[PDB]
Amino acid sequence: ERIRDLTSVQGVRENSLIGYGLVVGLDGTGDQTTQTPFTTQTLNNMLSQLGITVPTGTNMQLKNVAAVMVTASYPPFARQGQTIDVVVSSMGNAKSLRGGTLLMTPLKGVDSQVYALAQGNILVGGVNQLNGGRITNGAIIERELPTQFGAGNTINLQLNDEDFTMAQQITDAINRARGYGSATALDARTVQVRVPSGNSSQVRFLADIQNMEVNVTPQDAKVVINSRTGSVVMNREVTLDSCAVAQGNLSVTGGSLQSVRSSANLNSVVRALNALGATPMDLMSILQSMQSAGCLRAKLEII
Amino acid sequence: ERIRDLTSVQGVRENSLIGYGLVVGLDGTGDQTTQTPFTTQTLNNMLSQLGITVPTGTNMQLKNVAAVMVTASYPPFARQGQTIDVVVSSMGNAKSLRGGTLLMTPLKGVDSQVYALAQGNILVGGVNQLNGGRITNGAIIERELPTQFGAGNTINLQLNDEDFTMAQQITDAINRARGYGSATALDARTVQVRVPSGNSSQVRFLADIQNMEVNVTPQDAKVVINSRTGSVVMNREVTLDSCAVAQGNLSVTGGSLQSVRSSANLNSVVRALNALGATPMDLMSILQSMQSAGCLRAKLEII
Amino acid sequence: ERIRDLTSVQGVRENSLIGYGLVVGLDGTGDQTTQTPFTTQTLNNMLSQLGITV
Amino acid sequence: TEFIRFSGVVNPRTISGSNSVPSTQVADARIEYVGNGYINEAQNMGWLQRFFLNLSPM
């Protein structure tokens, strides 16, 4: 509940798979084949594999076919015959993929070898995006990747965020639950755990570890500003000193300078900032100038 | 009820079949044959196989014929003579497939060998898609695929989702139901079960295993955002810390900063988020910035 | 609460990573390929790696 | 009879969509065009003329 929500097991990771395919059955929303020659070329390749040899030179104008790219996530410890979901995105100048059907598509990784075959029906919500869709259980795994799991006697747990204090807390929790030399902290997001040999013993050890509960120590104070979406999110550890704030078209409810008192609690910070009565767009400039002046104590990150 | 709803048997998997065919009997909704030469070419091939040798060079304009692609799913342990459903999707520039009839169509896999023959009537709902349809029991299996089932003494159960704790629970359930050395956990989505030799013993063992009941351990907290369909779905394990939220055109029911208290239960999270009074479109940006700030505890996935 | 909010540890630092990619699935909002030749050139490179030789 | 012989090493990504490669893209190419019969015999220099070409003072 806490170990599985804060750390990851070494050697347990996902991968990316990509492929190219075609979507048929569209209601006149396919791309212009006069401007995209790869659609007609791959259609001729598919027909020649099937057994139909169209002559070259003759023009083909299609309205129900759209060239697409297919993306998928390869799960850890994957076996052949299992099903994964895929994301289908239109390339070229197609209009919409409403009620389409994806044909056979090889899914290859960065090693240029196949790992999955994809075929299914595209679900579009139908504002909403029209050139993108998702197929549930649309691809079947057909190649397995060997793993180093089971061998050795040590396994590393990798934290999502770097912290010496959190890694020490995780190591102390494992040590007080299992035994003295159960775990060893390597660095701020790497904790090494000693496990017995054999696959069944390691699986049982990881099942007992992953559902442990560990208190979460207070973290670094941080204020995040997203100017593209117009959002400002603060943290529970953010404090404030006493300073003076001047801002265009703002006044005391009557001078132009507004005084902000020193605040330790988060509710005091929210009360002091809402006393200014500013929009979030102006609040971004106020927070940036306050961090430059040093009155703001948290670190400022602009995403 | 639980084993069959969470795991799959090794060697039991579906496959994909594809083919090319024609649909006749349309009410003037066929594709333009002047722009699609493959329709007229395959019609000449069908007539020449039947015995009619049309001369070349002469133009043919048709309104009742549409070129289509046929997709099908090959079931496990399939026998010749059995029936499966097929999906018919129009290629080219046809208008609709309302009240059409599909002729004979070979269905081939990736090995370029036939496995099924398809012929039937297309059912269209009749907004609704017009270039796609489904035929129930429209194809007959005519080639059987050999299997390795029955031999050996071990069989692997493959989990749908990777979890060491769930695999340990499944192994413990099988061990307390059947015997001591009945099952062995290999990895996070692979459990090996020892079975006696012979096909009848393995079938009886799988029939007893598949209807077992096993409690489902709590999973990882995860929040899923689909921006294309405009949906946000949270999980039962999602928790929240205390933070501050600022957002454009939002205010307390009167400052711009809104305080969110720390929440453990899911109902408290829903109550705290509905106190903001934001649209789901704005809630996506709020949740993304909250996960970047670390106030959100669940992992965020954008599908 | 104060040491971690005022100081940094030696040898503990972030870095920058950059890359070039393509975005597909847009609803007609892509760039003009007649004025940007690198989009079509890299698309041909991606298709040639995949196996399609336009 | 006429004989045309070709050998080379070709990168697979240089192959066009019509399964055709120009010969300038082929690495380490060997191209041979020969013949036999009296037509090919009529284009060979005589032995004394070959010796006079190789061993003349000028």
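So, about the overall build of chain D. Counting secondary structure elements, chain D contains two helices and two strands. If you list the helices and strands of chain D from N to C, you get β-β-α-α. Computed over its C-alpha atoms, the radius of gyration of chain D comes to 19 Å, more than 25% above the 10 Å expected for a compact globule of 58 residues. Across the 58 residues in chain D, those meeting the buried criterion constitute 2%.

What follows covers the overall build of chain A. From N to C terminus, chain A includes five helices and 15 strands. In terms of C-alpha radius of gyration, chain A reaches 28 Å, well past the compact-globule figure of 19 Å for 303 residues. For chain A, the C-alpha atoms occupy an extent of roughly 80 × 65 × 25 Å along the three principal directions. Evaluated residue by residue, chain A yields a buried proportion of 48% over its 303 residues.

This part takes up the side chain of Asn156 of chain A. Tracing the backbone through its elements, the reader meets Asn156 of chain A in strand β8 (residues 154-159). Judged by relative accessible area, which is 17%, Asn156 of chain A ranks as buried.

A few words now on the pattern of salt bridges. Inspection of every chain in the model, using the stated rule, returns 18 salt bridges over all chains. A salt bridge links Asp85 of chain A to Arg134 of chain A, with the nearest nitrogen and oxygen atoms 3.4 Å apart. One connected set of salt bridges, linked through shared partners, spans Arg79 and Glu144 of chain A together with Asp187 of chain B.

What follows is about the environment of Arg194 of chain A. Residues and elements named next belong to chain A. By the element assignment, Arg194 lies in strand β10 (residues 190-194). Residue class for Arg194 comes out partly exposed when judged on its relative accessible area of 47%. Spatially, the C-alpha atoms of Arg194 and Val245 are 55 Å apart, while their sequence positions differ by 51 residues. Setting aside chain neighbours within four positions, we find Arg194 in contact with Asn153, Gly181, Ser182 and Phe205. Here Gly181 takes part through its backbone oxygen, which lies 2.9 Å from a polar atom of the side chain of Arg194.

Helix packing for two helices is described by the angle between their axes and how far apart those axes are. Relative to each other, helix α3 (residues 199-210) of chain A and helix α2 (residues 164-177) of chain B sit at 120 degrees, their axes nearing to 8 Å. Here α2 of chain B runs oblique to α3 of chain A, going by the angle between their axes. The hand of the α3 of chain A/α2 of chain B crossing is left-handed. Two secondary-structure elements touch here, α3 of chain A through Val203, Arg204, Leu206, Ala207 and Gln210 of chain A and α2 of chain B through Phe164, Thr165, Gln168 and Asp172 of chain B. Here the residues of the contact of α3 of chain A with α2 of chain B sort into four nonpolar, three polar and two charged.

What follows deals with the sheet that holds strand β6 (residues 114-121) of chain A. Residue and element names in this part refer to chain A. Read around the closed barrel, six strands run β2-β3-β4-β7-β6-β5, paired in antiparallel fashion. Across the sheet, the axes of successive neighbouring strands diverge by a mean angle of 30 degrees, strand direction being ignored. Sheet analysis places strand β2 (residues 15-24) next to strand β3 (residues 66-74), joined by nine bridges and oriented antiparallel. By the bridge assignment for β3, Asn15 is matched with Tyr74. Here helix α1 (residues 37-50) sits on the sheet and contacts β2, β3 and β5 (101-108); the angle it forms with β2, its principal contact strand, is near 85 degrees.

Below, the discussion takes up the interface of chain B and chain A. Each partner contributes residues to the interface: chain B has 76 residues there, and chain A has 83 residues. Across the chain B/chain A interface, buried area totals approximately 6700 Å², and carbon plus sulfur atoms make up 54% of it. Counting the surface chain B buries against chain A, the share from its top three residues, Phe164, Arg228 and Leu257 of chain B, is 11%. Counting the contacts that link chain B with chain A gives 36 residue pairs in polar contact. Among the elements that take part in the side of chain B that touches chain A, helix α5 (residues 280-293) of chain B stands out by supplying seven residues, more than any other. Classifying every residue of the side of chain B that touches chain A by side-chain character gives 28 nonpolar, 36 polar and 12 charged. Relative to strand β13 (residues 243-247) of chain B, strand β12 (residues 231-234) of chain A runs antiparallel, the two being bridged by four bridges. If you follow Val232 of chain A over to β13 of chain B, its bridge partner there is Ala246 of chain B.

Membership of the largest hydrophobic core comes to 27 residues, with the highest contact counts inside it found for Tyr20 and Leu43 of chain A together with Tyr20, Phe38, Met69 and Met91 of chain B. When residues of this core are traced back to their parent elements, those giving at least two are β2, α1 and β3 of chain A together with β2 (15-24), α1 (37-50) and β3 (66-74) of chain B. A total of four residues in this core trace back to one element, the largest contributor, which is α1 of chain A. If near-sequence neighbours (up to four positions away) are discounted, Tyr20 of chain A is found in contact with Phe38, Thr39, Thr42, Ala67, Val68, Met69, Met91, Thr105 and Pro106 of chain A together with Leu50 and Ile52 of chain C.

Let us look at the interface of chain C and chain A. Contacts between chain C and chain A engage 19 residues on the former and 25 residues on the latter. Surface buried jointly by chain C and chain A totals about 1800 Å² across both partners, of which 51% is contributed by carbon and sulfur atoms. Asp163 of chain A serves as the salt-bridge partner of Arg4 of chain C, at 3.2 Å between the closest nitrogen and oxygen. Between chain C and chain A we count 10 residue pairs in polar contact in total.

With that settled, consider α3 of chain A. With 12 residues, α3 of chain A ought to run about 16 Å at 1.5 Å a step, and its terminal C-alpha atoms sit 16 Å apart, in line with that. All of the buried residues in α3 of chain A are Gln202, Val203, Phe205, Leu206, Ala207, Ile209 and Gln210 of chain A. Turning to α3 of chain A, the residues buried within the fold contact β1 (7-9), β8, α2 (164-177) and β10 of chain A together with α2 and β9 (183-187) of chain B.

On to a nonpolar patch on the surface. Together, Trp47, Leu48, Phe51, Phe52 and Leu55 of chain D make up an exposed nonpolar region whose accessible area comes to about 650 Å². For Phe52 of chain D, the location among the structural elements is in helix α2 (residues 47-55).

Calculation criteria
- Residues numbered from 1 in each chain as written, not as in the entry; some residues may be left out.
- Chains lettered and ligands numbered in written order.
- Part of a larger assembly, values for the part shown.
- Heavy atoms only, no water.
- Helix = DSSP H or I, 4+ residues; strand = E, 2+ residues; numbered from the N terminus.
- Rg over C-alpha atoms; globule rule 2.2 N^0.38 Å.
- Buried < 20%, exposed > 50% of the residue type's maximum accessible area, 1.4 Å probe, protein only.
- Salt bridge = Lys/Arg side-chain N within 4 Å of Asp/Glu carboxyl O.
- Contact = heavy atoms within 4.5 Å.
- Polar contact = N/O pair within 3.5 Å; in protein donor to acceptor, adjacent residues only side chain to side chain.
- Axes fitted to C-alpha atoms, helices over the stretch in contact; angles between N-to-C directions.
- Parallel < 35°, antiparallel > 145°, perpendicular 65-115°, else oblique.
- Left-handed = near helix turned anticlockwise from the far one by under 90°.
- Nonpolar A, V, L, I, M, F, W, Y, C, P; charged D, E, K, R; others polar.
- Pairing = 2+ DSSP bridges.
- Buried area = accessible area lost by both parts, 1.4 Å probe.
- Core = buried A, V, L, I, M, F, W, Y, C linked by side-chain atoms within 4.5 Å.
- Expected span 1.5 Å × (residues − 1).
- Patch = residues over 30% accessible without salt bridge, like charges linked within 9 Å, V, L, I, M, F, W, Y side chains within 5 Å.
- Areas by Shrake-Rupley, 256 points an atom, 1.4 Å probe, with all protein chains shown as cover.

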